[PDB]
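Survey of secondary and tertiary structure
Residue strings, one per chain:
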Amino acid sequence: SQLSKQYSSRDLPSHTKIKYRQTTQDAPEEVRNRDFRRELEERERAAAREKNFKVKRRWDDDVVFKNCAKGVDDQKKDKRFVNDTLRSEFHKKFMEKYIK
Amino acid sequence: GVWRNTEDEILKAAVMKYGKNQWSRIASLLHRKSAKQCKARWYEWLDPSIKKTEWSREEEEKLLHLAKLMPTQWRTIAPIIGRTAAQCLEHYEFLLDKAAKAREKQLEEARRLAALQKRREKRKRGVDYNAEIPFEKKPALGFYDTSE
Amino acid sequence: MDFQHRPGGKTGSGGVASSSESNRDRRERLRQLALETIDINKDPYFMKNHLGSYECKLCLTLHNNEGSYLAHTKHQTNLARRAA
Amino acid sequence: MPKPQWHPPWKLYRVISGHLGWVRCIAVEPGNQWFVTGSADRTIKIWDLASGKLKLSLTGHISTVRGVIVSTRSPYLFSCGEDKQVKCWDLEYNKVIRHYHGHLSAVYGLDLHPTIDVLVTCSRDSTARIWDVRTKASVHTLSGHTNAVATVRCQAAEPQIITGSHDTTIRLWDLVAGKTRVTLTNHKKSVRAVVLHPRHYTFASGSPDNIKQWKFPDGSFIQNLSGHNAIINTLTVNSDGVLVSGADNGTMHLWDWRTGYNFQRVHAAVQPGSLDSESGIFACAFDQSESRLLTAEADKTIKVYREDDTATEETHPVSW
Amino acid sequence: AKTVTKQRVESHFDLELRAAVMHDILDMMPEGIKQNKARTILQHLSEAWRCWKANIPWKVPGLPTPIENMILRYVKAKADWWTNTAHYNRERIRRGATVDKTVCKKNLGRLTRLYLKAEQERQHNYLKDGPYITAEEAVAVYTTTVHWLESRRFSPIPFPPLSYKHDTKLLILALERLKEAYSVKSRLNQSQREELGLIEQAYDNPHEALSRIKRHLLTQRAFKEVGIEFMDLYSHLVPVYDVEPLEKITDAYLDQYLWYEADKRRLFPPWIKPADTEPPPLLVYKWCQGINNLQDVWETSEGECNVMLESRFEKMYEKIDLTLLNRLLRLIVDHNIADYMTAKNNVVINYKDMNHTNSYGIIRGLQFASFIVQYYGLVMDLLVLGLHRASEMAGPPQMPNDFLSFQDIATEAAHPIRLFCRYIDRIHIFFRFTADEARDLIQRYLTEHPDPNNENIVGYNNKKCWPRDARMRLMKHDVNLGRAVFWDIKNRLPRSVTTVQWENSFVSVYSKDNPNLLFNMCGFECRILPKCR
Amino acid sequence: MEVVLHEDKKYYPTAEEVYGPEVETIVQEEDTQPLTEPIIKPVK
Amino acid sequence: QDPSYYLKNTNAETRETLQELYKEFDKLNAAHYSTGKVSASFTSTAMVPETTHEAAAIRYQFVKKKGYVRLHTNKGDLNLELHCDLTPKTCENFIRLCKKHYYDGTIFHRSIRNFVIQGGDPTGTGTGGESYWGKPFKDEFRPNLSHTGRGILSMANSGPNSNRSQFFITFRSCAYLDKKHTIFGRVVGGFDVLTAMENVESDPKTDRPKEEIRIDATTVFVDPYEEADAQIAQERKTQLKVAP
Amino acid sequence: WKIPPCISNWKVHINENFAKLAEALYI
Ligand SMILES: [Zn+2]
């Protein structure tokens, strides 16, 4: 309102100089003459290239169940993302960690 | 743990007044009763959705079938057949046995009487609406009018 | 001490009421609830005595408590007898 | 009635996920190396444009970030949020260096002057504020809107400040006096998006009623782009003349700017575990190469669209 | 304008949420319609969020579809903000970075609501997808239990008779166990005073209490609801159950009677721990001495290797099928007792405004839950060891063995599994292998799981509390042997009942390369080093 | 059927089923560079 | 795969146990408010999570205005207008009684002393006859056109799900037929014949007249239920030539 | 576009394999 004489502590002068972009920091005079299209295709191509007597049994023979850990393979199943915060993998890991 | 019919009528009136989710407010009325006891008494006996009828053939067949499938799990069995756990347990036992304003106006009148008594014997930075227009906005003029 | 986590209390309170004051407040609230349910049900048989007692005029029966009249709903046979 | 020029259609080619809130705004760095998203996760994420890899994540906002812009002539990143605070981040140290403060409610968007280095913010207290960048001083308070100002646009030519608000009005302001100049009341619903053409000295405004193309500087009405009857949240225009209108129901419409002819309707799918009600375009932006379209969909995704080069004119003919 | 500080976060967010919904009303409604009724829509949004918090199905029967889409979308936004705040506050609480009572209490409430949502999901998924036990696995478990009880000449536990000799002593023990918790003589409440009065009434007239207990055991199969709450131990939460005191008295007497009868009839073999004979430090010392007193245990001249495996059963309590539990408990006790045991677990769990019927898991708050846990663990010990090695470990039924002894050296050396112990759900197995058996086991494990690039070192875990010389040396042969042993143990247990995870377990190998044997029993990290090495 | 457990219990289609084979699905958590690494490098 | 997978060293009685067990063993119906399955499945984890909205079904006798039936009984030819908007079930039951001969040729169900006279029921006991579905349809009385006043035509019943064919013209206002008999509409013709039928001597034990007013003929002066059936048949036949 | 008032609360099938399992146990 500029008639008051109350000065806030965060209204003190600070960062009085504006930093401008330098020559290597994408100044607009070098932005204006560039072609972003072609550079975007070799960046995409580089990303795609860098993307790629008595005889006994066996000792474990006298059990009831076998090969129960057969289809147990996570692999890419940890890479799944679900947008449900109760059925996310992170929330399931959180609930099995923090509740005993 | 006994339940008189007077307490049942008071509980029914309290449920019809205070809804469902309030129980401590209900249990404030009932002497020597808890909110958990009131909730159990409502959901066990006094709820109007409890089927207080006789079992059909289909209900008894489903009850015997589900008692054969899941043994002694009546809290799971009972919402499938629509009865409560106690009724279906008792009926299953029976089937096995068979098989075997004015105050402010008065204060204003007293203040007016005191004001007339003081007149017969600041403004607190307010706006007096009876003296002039409070925020005078004149109507817009155009193409007409000769006042009055 | 944790002043913002102490149990809540205000100055000039007066304390909690005794058993008699809570009992008569519960009795007054039970009377209010019974009168509210009577006015909701619109039963004309309810009357208050000059000594202050509940009376069923259709049954002609006095009641000591509010729940005694609340359980008086026999009353259908007495209403059919007093209808004629 | 001239025939519209044939534009090739666009197709989705990558979907980026990782935000834990609604992605509300998308800005592109002027050297086209990376882009940046603000979310309801109270985080601001710098993403690589080509690879799509998450380059950086910055915290510091206390509520939902509503608008993010990158300065073309300074190494600064300006972020506005629902926490009634505007932050100027120095990218040189990746830290907040300035706090623009004085809005009474949530800031719904912001824009930078391309030449003067002055900042304009529009907020929910029915005001826009014009702030000097270095001194953090609110040099003007544009008022006159009766409801919340949904968006603001800024340009070098007269008039400098364009405001669209929720009381069905568009105000063309004057920068030096802080007074309104032109009021446009043609819209029936809330004006949620305005976009300015890069070269034709015209602009368009978006509402759930219609899309309206006008003419600078008097704001004379030019054209009524009809169809796409949903709550349009965003509007961007290609340099080639392609206008993209994104709605709150998830549907996207693509138009020729001149004739106002809708040539493509794109309704993308959602995240794997997601409701059908969580389909909605909050913001969209072209890149500096005008070849990638980046949308901030309401299922916490960034969806990126490319031109389909295999299509030709007889394969996708222009109707009428 | 005031800034949004910490104490002004949450309400302000709700305020902003309200404003957003208001804007989304005012441009969604078409031309005409004078009655906007936006306050009713905001009330519907508040009711939908309150129904989301209590896991109640929210469905307005007549409501326009875009308004419903708007309400569901904004409620999902609020729920995501709520859950991410809960995750961040729990990380800050576990790190100890926050000392705040309101944050701790709010986060405890939020995690209680989240756990009950997940538990109701689990119960509905059990009732919809059927039993996970299949058919032949339960038949094999039942048959193995029948063969084990036939082999031990076990006499089944009868009903408590009308004139029992020790019924008053068991009642006195159960009443002292129940009076243990109320010895502070604090202010209490109504329910604790009711429980203490019930304890005193049963103490004055024990005969009427015993008759009521036996009547409850004979008759009742439907019970009252149980309350749940959580203890915040700042690293994990512990569920605490609240039971009606009459059922608590009956369950305490049943627990005392069942444990006395199982100890008298010798149902539990001595490897089941915690026994009453020793404290757990004495259990650690007895385990170390039983390792040390084996025949030629430290001799590694011919490539003999010792393997110490420590693990848990993970979600053991949550996967006890109640029909299979009733069929298993009918092998031990009278059918009325086992019907009470099964029907006590099928009750309604209540917390504030949530109720759900527990149909799959066991409830650990019961007084007799420890007996069921140790009996199910006996069944799992029979599944792991097999019948022959368990009969060798327990010895003959006429002359039973003690905890870590055998009848003969030849009975010790007949199997690789030398020592075995189960501490409720923790499992500690000590193997001794020759060279040929270890080579055959490694060959079979590499046949099923090939790894040519030797990546088994990377996922392997080690005890970081010890110095580098005291740690396990990670040669290829010992790592492959430990993974082979863990794979062979994990193949024995069907995943429907219980599973053993590699991350929560630890396998240590003693060989010619590793001189130290590392394990962790109770709260004790132990490292055994022979004088020869 | 061979009964799926509650531990797996795959709700929802996967992302390749939803978006088709042409769309590249990227899921990104954690930054590739730390916060001390500055976007737009200073001249020196 | 095979049931003997995850099974080695099978016991005896396990093998005969498994052997014995194996030896033993829509366009116009879119009502715009949708189903409540998505919102309940999102707000609660006790159902299967469904993520796509589905519109709820609705035919509820979509008719055109109010019907009018002319019954030529022994009192004469009286025309009564039944409001399908007040009660579509009562108008549909009256049209089905006049169409499937439940009312044509029927006897008078009841007749009170200038209060109400019921006809169109083939049983004649007060609530006889049949509805369109065979069993008696649901009964509901509207507040705009109730079963009160002179000549109020109502589907006569003792309550809900009991009104099949008994159409009662009430000649006096009474609250007994309110919320028990589905009020179709009002009599628009033959008021003198209905007053002479109600004013005749009647037996009060069965509440019926000595001479039963029997409906000799029925005519559809205006048929809202038949027009709704024709519109439903046209909507069905719009997609029936390619859907056989 | 009619909106009913909010009625505030604060102001089932079985899979068949179950049956098969029970039968197996009895056998
Ligand atoms: Zn009476």
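Heads up: these notes are all about the structure in this document. (Residues numbered from 1 in each chain as written, not as in the entry; some residues may be left out. Chains lettered and ligands numbered in written order. Part of a larger assembly, values for the part shown. Heavy atoms only, no water. Residues with missing side-chain atoms left out of burial classes, pairs and counts.)

**Overview of the arrangement of the chains**
Convention followed: By definition in these notes, contact holds between two residues if any of their heavy atoms fall within 4.5 Å.
A gap remains between chain B and chain G, which never touch, and the nearest two C-alpha atoms on either side lie 14 Å apart. In this view chain D stays clear of chain H, with the nearest C-alpha atoms of the two still 17 Å from each other.

**A short note on unusual backbone geometry**
To keep things clear, this is the line we draw: A run of DSSP states H or I qualifies as a helix once it reaches four residues; a run of E qualifies as a strand once it reaches two. Both are numbered from the N-terminal end.
A cis amide bond links D:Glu158 to the next residue, D:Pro159, at an omega of -5°. Within the secondary structure layout, D:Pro159 lies in the loop between strand 14 (149–154) and strand 15 (161–165). Between D:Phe216 and the following residue, D:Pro217, the backbone shows a cis peptide bond with an omega angle of -5°. Here D:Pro217 lies in the loop between strand 20 (211–215) and strand 21 (220–225). Unlike most non-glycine residues, B:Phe143 shows phi in positive territory, near 65°. Secondary-structure assignment places B:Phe143 in the segment after helix 7 (102–120). We note that D:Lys136 has phi near 55°; this positive angle belongs to a residue other than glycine. Within the secondary structure layout, D:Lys136 lies in the loop between strand 12 (127–132) and strand 13 (138–143).

**Observations regarding the interface of chain E and chain A**
Operational definition: Residue polarity is assigned by list, with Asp, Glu, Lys and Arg as charged and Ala, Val, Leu, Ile, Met, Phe, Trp, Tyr, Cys and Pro as nonpolar; anything else, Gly included, falls into the polar class.
In this complex, chain E contributes 47 residues to the contact, which on the side of chain A involves 26 residues. With 10 residues, the top contributor of residues to the side of chain E that touches chain A is helix 3 (residues 65–95) of chain E. Per-class residue counts for the side of chain E that touches chain A are 21 nonpolar, 10 polar and 16 charged.

**Details of the pairing of strand 6 (residues 354–357) of chain E**
All names here are of chain E. In plain terms, the rule: Pairing between two strands requires that DSSP report at least two bridges joining them.
Relative to strand 6, strand 5 (residues 348–351) is paired through 4 bridges, and the arrangement is antiparallel. Across the sheet, residue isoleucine 349 finds its bridge partner in strand 6, namely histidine 356. Linkage of strand 5 to strand 6, two consecutive antiparallel strands, is achieved through a turn of 2 residues, within which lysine 352 is found at a positive phi near 55°.

**Some remarks on the side chain of B:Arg75**
Worth spelling out the cut-off: Polar contacts here mean pairs of N or O atoms no more than 3.5 Å apart (in protein, one a potential hydrogen donor and the other a potential acceptor; neighbouring residues in sequence count only if both atoms are side-chain atoms).
Take B:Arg75: it is sitting in helix 5 (residues 74–81). Among the polar contacts made by the side chain of B:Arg75, one reaches the main-chain carbonyl oxygen of E:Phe223 at a distance of 2.7 Å. Not counting residues up to four positions away in its chain, the partners in contact with B:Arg75 are B:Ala85, E:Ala222, E:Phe223, E:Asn346, E:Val347, E:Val348 and E:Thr357.

**Topic: the packing of aromatic side chains**
Test applied: When two rings of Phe, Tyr or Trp (its six-membered ring) have centres within 6.5 Å they constitute a pair, described as stacked for plane angles under 30 degrees, edge-to-face for angles over 60, and tilted for the intermediate range. When the NZ atom of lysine or the CZ atom of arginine is within 6 Å of a ring's centre and also within 35 degrees of its normal, the charge is said to sit over that ring.
Centre to centre, the rings of E:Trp49 and E:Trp52 are 5.5 Å apart; their planes meet at 10°, and the pair counts as stacked. Here E:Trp49 and its partner E:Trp52 are both found in helix 2 (residues 38–53), 3 residues apart, which amounts to about one turn of the helix. Here the guanidinium or amino end of B:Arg83 rests over the ring plane of B:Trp55, the centre of that ring lying 4.0 Å away. The ring of D:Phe282 has D:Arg24 sitting right over it, with the charged end atom 4.2 Å from the ring centre.

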